[PDB]
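Peer 1: Got a structure here, written out as structure tokens. Questions coming.
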Amino acid sequence: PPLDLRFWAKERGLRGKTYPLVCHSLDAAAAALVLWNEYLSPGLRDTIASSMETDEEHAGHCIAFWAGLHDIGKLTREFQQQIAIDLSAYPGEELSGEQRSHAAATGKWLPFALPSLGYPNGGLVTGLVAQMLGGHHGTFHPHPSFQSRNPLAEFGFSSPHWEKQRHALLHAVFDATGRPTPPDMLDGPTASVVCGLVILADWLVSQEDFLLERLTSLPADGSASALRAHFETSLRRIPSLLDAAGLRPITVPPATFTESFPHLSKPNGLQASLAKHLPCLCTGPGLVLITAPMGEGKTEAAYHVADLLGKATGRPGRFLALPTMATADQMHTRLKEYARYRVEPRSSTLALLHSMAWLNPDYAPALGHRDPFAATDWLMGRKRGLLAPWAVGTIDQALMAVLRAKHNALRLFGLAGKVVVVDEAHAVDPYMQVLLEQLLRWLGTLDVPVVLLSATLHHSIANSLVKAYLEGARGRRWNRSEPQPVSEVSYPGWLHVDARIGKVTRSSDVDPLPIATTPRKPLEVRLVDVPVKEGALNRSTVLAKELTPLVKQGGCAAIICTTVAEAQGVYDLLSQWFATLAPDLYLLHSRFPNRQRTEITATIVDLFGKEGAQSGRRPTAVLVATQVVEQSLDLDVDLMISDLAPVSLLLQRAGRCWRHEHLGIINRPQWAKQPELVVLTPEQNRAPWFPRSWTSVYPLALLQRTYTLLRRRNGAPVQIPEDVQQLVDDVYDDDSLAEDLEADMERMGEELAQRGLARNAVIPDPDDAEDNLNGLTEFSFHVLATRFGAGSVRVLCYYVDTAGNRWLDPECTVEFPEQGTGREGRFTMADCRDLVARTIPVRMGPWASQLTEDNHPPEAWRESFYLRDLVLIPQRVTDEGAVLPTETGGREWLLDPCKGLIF
DNA sequence: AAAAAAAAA
Ligand SMILES: Nc1ncnc2c1ncn2[C@@H]1O[C@H](COP(=O)(O)OP(=O)(O)NP(=O)(O)O)[C@@H](O)[C@H]1O
Ligand SMILES: [Fe+3]
Ligand SMILES: [Fe+3]
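Numbers 14 to 357, 362 to 383, 395 to 609, 613 to 651, 654 to 718, 723 to 818, 823 to 944, taken from the authors' numbering, label the letters of the first sequence in order.
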């Protein structure tokens, strides 16, 4: 039967007309073909064609054929009658009441139609091809189950008249795509990636502009020659679509380490070792783990290793995952610089990928006229970022690929053609570490090479990550009998893993010498007791005792406190003590409005960092901060005083001590004899005690084992970096360090709880997804999280006078905008930037279950993604001008300008 | 009680 064009696929926004189903199908088949040839990394075409075990050209046409079948489930009465249509020639298949989505219909029909073209009835390949297409709206379905000998009828396809039109369609795209014979094999992981491809295909050719265009040259009839014409036309008009969305490859020339970084006169020890021993190792899919200290050129090292592995695997794309949004911003700058120099592309975006990327003026858009590597409007969309040829963003963006959520197969497809580089792997907690492990496991099976950068890494984590990657590569998991692939890490050191054979190659094995790093003075670590008042720390004396030389002779110091309260206490006291005259005083923590925090930080690195010392602005000064100091802040301090924290974190903090001493530029005061970290700890009165406020942030046992490990050294300095990795390993490894068996077990139990939540959250192991994709998107009883915990909400403080009316400043000069200064009273981007710039992150708690109507944003705000979820915090200001502490959620708040938000 | 991330076709 020749095919009827009366059956549509699109109607919306089409100004009264309808695009035919066949035309969408051919379009979507065309896009997939082009995507295969012009978007896919060559390595990825290879990986896929191997799973099907056929040549690439065939694999392509198969894929294109499949793509053209994605919306066939639309050829039902349930879908068709959503608008006016003349179905009089089509009696039967009366409405069932099921209300069954069209993609669900595809996956229900395809298993019993495919065999008429060659597919093995009840085959694994047929099963997967139906399931995968059935999942082209981001949700896979179960394999169809039936009890009769007539599944088609059993599933609602009872009318000969309807069944004819669906086979017409089936043959129309089969023919139009060159009638590809069925592949022999197809596995789950490969199928899920292809699902991604099919989804990108649908999306590209569903753009209103592209549609209105094809709508000017519909086919006259349903003849083979006409549909052949339609397909070939859409074939031509798709590469244009790629460029308009900036999906074109960024390819980078092979290059030695120096040719890639010509501005570098004296390549690092780490860089020399990597560049020398790695090209011979990088013969295909592998994982590299570099673990080295801060300030050793890890970034350039990474790009190079990434460039090798990219070439070895025909994968030109890149994802760099960073721990924070800010570091992602910075790295996005470096990589883009690297791009410009390294390539000899106005249709390829270097995407920036995190939740605040839209409100970045320098990144977001306000064709062919474009800046190179610039964001396109298309990639700025939801779910599309990883489809950018190159991208840097938060690690959370990659981790979202292995969560059981809609459209994850899209993100999986995005990564599958790239080299993924995750930086600061030491920063990933036990919940994130299970997600990382599932990603590595899935990346391993998909042939994607990985570079893991870290600072020191506990050997067990190191072991888990490479074990995870090897599992994916090798098809099978780890035995109980099987030996561990990584039993030791060296800091500094690197490590190569071959995916094909599973050979681990330590840097030790290829060179007996240790990797030369910046030499530096060992770190003096000094445990000092503090009197406890009211289960708190009376740091008063000591602060005076230890800071005394700095008031006379000058210098730079930092005090690090476990909580924001304790951080605010210390500042206040420093101020009281300082009213008695030079030196300066600063306070940094997370509870400041953005604009303020981005300002405080800038001046603080301005004084204590490298471009400060170089420019002479470095003072003759004290900083008080919380764990924000553990983030990348360019600081060099002459003395550091810290509350006890876990050693990994202490040692992390202590890397701010004399950070740039090898620069030779800085003059240290006569009292700063050696680089020193002072570690405060409560005096006791037989397993160590710590403040409740401390034990709520860090598990008690960890603080105990850390104190015990440090006491044991009797004053002895920490040689750097020879002593570090052993400390890091030992705090967890040495059981004699924990004398509170009860506190220690709890610690272990809390860790279990976090890995457990994680396992609920993630998609199956690749081998569990072999013949069944349904578990990738299965969930019941909300949104799954990339990080553990109750999280944070963004608050905004508004001001109320006696009158009383709503203001944005204590001075009551800036009216609280009920509306937005855009046409229609709507908010703009640049509007949302001004509001968000004064928002404060606040940690979720009981206070949120006690909010009221005046804690919620006005009606106009709900229309805005960025403002809808804000919490409003009132602040009462007296008619004298003083700001009062104000109750919200069952407690009192006050946004002090020097001390940040207080509650 | 830290810090950190987080509308499709
Ligand atoms: N020989 C060199 N090798 C690598 N980087 C160098 C070299 N000489 C100067 N640099 C620069 O040193 C700067 C900072 O060094 P770097 O090792 O990156 O420390 P960092 O940025 O504080 N920590 P990280 O970014 O994680 O590596 C970068 O801008 C480099 O370009
Ligand atoms: Fe669809
Ligand atoms: Fe579609």
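C-beta atoms are modelled at their ideal positions from N, C-alpha and C, and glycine is treated no differently.
By Cβ distance, which residues of its chain are closer than 7 angstroms to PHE125, with the 5 residues on each side in sequence left out?
Peer 2: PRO164 and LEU165
Peer 1: Can you give the Cα-Cα distance for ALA654 and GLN762, rounded to whole angstroms?
Peer 2: 32 angstroms
Peer 1: Among the candidates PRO193, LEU467 and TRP79, whose CA atom is the shortest distance from the CA of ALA143?
Peer 2: When only C-alpha atoms are compared, the closest one is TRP79.
Peer 1: By how many angstroms is the C-alpha of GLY327 removed from the C-alpha of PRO55?
Peer 2: 5 angstroms
Peer 1: Spell out the partners DSSP gives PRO33 in its beta bridges.
Peer 2: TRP21
Peer 1: Measuring alpha carbon to alpha carbon, tell me which residue in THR304, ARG628 and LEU740 is nearest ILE881.
Peer 2: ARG628
Peer 1: Since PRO715 is in the beta strand (DSSP E), which residue starts that stretch and which ends it?
Peer 2: Residues 709-715.
Peer 1: Would you mind reading off the limits of the beta strand (DSSP E) that contains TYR840?
Peer 2: 833-841
Peer 1: Is the beta carbon of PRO298 closer than 8 angstroms to that of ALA501?
Peer 2: yes
Peer 1: Does the beta carbon of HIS290 fall short of 7 angstroms from some heavy atom of ligand 3?
Peer 2: No, the Cβ of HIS290 stays beyond 7 angstroms of every heavy atom of ligand 3.
Peer 1: Quick one: residues in its chain with C-beta nearer than 7 angstroms to the C-beta of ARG58, no 5 flanking neighbours on either side, listed in chain order?
Peer 2: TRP49 and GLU69
Peer 1: Output yes or no for whether 8 angstroms exceeds the beta carbon distance between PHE244 and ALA42.
Peer 2: Taking 8 angstroms as the Cβ cut-off, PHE244 and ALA42 qualify as a contacting pair.
Peer 1: Kindly provide the chain-ordered list of residues whose Cβ lies closer than 5 angstroms to any non-hydrogen atom of ligand 3.
Peer 2: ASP84 and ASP215
Peer 1: Exposed or buried, what is residue 821 when buried is set at 16 or more other beta-carbons lying within 10 Å of its beta-carbon?
Peer 2: Absent from the coordinates is residue 821, which sits in the stretch where the chain moves from 818 straight to 823.
Peer 1: Who are the Cβ neighbours of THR296 in its own chain at under 7 angstroms, not counting the five residues just before and after it?
Peer 2: Excluding positions up to five away in sequence, the list reads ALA325.
Peer 1: Would you report the Cα separation of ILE489 and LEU541, rounded to the nearest angstrom?
Peer 2: 25 angstroms
Peer 1: Rounded to whole angstroms, how far is the Cβ of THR929 from the Cβ of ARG917, which I believe are closer than 8 angstroms?
Peer 2: The Cβ separation is near 11 angstroms, so there is no contact.
Peer 1: At a cut-off of 7 angstroms, would you count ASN700 as near ligand 1, judging by its Cβ distance to the nearest heavy atom?
Peer 2: no
Peer 1: Please name the residue in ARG742, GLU787, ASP405 and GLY886 whose C-alpha comes closest to that of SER773.
Peer 2: Minimum Cα distance to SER773 is reached at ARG742.
Peer 1: Ignore the nearest five residues each way along the sequence and tell me which others in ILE263's own chain have a CB closer than 7 angstroms to its CB.
Peer 2: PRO329, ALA352, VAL356, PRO362, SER365, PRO417 and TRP418
Peer 1: How is the beta strand (DSSP E) around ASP526 delimited, first residue to last?
Peer 2: 523-526
Peer 1: Taking the alpha-carbon of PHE401 as reference, which of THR893, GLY259 and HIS695 has the nearest alpha-carbon?
Peer 2: Ranking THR893, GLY259 and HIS695 by Cα distance to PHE401 puts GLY259 first.
Peer 1: Using three-state DSSP, classify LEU100 as helix, strand or coil.
Peer 2: Coil at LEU100, not helix or strand.
Peer 1: Rounded to whole angstroms, what is the Cα-Cα separation between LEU696 and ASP256?
Peer 2: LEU696 and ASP256: Cα-Cα distance of roughly 46 angstroms.
Peer 1: Under a three-way DSSP split, which group does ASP676 fall into?
Peer 2: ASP676 falls in the strand class under three-state DSSP.
Peer 1: Compute every distance between the C-beta of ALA44 and the non-hydrogen atoms of ligand 5, then say whether any falls below 7 angstroms.
Peer 2: Ligand 5 is not part of this structure, which contains only ligand 1, ligand 2 and ligand 3.
Peer 1: As a quick exercise: from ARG796, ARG504, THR659 and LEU481, pick the residue whose alpha carbon is nearest that of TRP731.
Peer 2: Comparing C-alpha distances from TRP731 to each of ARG796, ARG504, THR659 and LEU481 shows the shortest one belongs to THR659.
Peer 1: Just to check, is the beta-carbon of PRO362 closer than 7 angstroms to a non-hydrogen atom of ligand 1?
Peer 2: It does not: the Cβ of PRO362 is nowhere closer than 7 angstroms to a heavy atom of ligand 1.
Peer 1: If I measure Cβ to Cβ from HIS74 and keep anything under 6 angstroms in the same chain, skipping five residues before and after, which residues do I get?
Peer 2: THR190, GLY191 and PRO193
Peer 1: If we require 3 or more residues per run, which beta strand (DSSP E) segments fall completely within the segment 411-441?
Peer 2: 418-422
Peer 1: Tell me which same chain residues have a C-beta within less than 7 angstroms of the C-beta of residue 611, skipping the five on either side of it?
Peer 2: Coordinates for residue 611 are lacking, as the chain steps from 609 to 613 with nothing built in between.
Peer 1: Rounded to a whole number of angstroms, what is the C-alpha to C-alpha distance between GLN664 and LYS706?
Peer 2: 27 angstroms
Peer 1: In the DSSP assignment, find the beta strand (DSSP E) that holds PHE244 and state where it starts and stops.
Peer 2: Where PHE244 is concerned, there is no enclosing beta strand (DSSP E), although the alpha helix (DSSP H) it sits in stretches over 237-249.
Peer 1: Would you identify the three-state DSSP class for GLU933, choosing helix, strand or coil?
Peer 2: strand
Peer 1: Secondary structure at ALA334, three-state DSSP: helix, strand or coil?
Peer 2: strand
Peer 1: As a quick exercise: from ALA314, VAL532, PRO614 and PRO155, pick the residue whose alpha carbon is nearest that of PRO520.
Peer 2: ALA314
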